[PDB]
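Worksheet: the structure to be examined is printed underneath.
There are 2 protein chains.
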Amino acid sequence: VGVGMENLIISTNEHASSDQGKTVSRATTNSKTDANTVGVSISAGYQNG
Amino acid sequence: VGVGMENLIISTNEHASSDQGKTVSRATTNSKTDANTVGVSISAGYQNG
Numbered sequence: 299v300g301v302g303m304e305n306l307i308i309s310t311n312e313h314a315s316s317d318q319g320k321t322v323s324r325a326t327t328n329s330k331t332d333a334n335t336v337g338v339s340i341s342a343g344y345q346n347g
Numbered sequence: 299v300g301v302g303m304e305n306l307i308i309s310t311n312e313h314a315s316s317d318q319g320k321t322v323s324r325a326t327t328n329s330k331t332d333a334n335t336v337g338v339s340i341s342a343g344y345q346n347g
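Those protein sequences? They're chains A and B, same order as listed. Each residue of the first sequence is one higher than the one before, starting from 299 at the first, in UniProt numbering. Each residue of the second sequence is one higher than the one before, starting from 299 at the first, in UniProt numbering.
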């Protein structure tokens, strides 16, 4: 009795995945600011004096 | 009866994974602001008086 092989079949055990996603968002911002400025200027020249 | 070994084969049981991803997004912003300023200036000098 002998055994002969006629075909070899390979099944790869790899895992494949796919993902699909959607996002919607809304943001609201309120801002409040105050500023203070102090300035000093010195000028000197000759305009008819 | 004796047993002799001719080859040793090692199969490492480590898990390898790869991931590929793409993203597209769009944002829209609307802004509204109001500002108020009050200023006071004092000047003193000598220009023909």
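Ideal Cβ positions, reconstructed from N, Cα and C, are used throughout, including at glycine.
For residue i and residue j, I'd like the C-alpha separation in whole angstroms.
i, j, result
"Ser339/A", "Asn328/A", "36 Å"
"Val301/A", "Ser316/A", "43 Å"
"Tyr344/A", "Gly337/A", "24 Å"
"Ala325/A", "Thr326/B", "10 Å"
"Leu306/B", "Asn311/A", "24 Å"
"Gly319/B", "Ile308/A", "29 Å"
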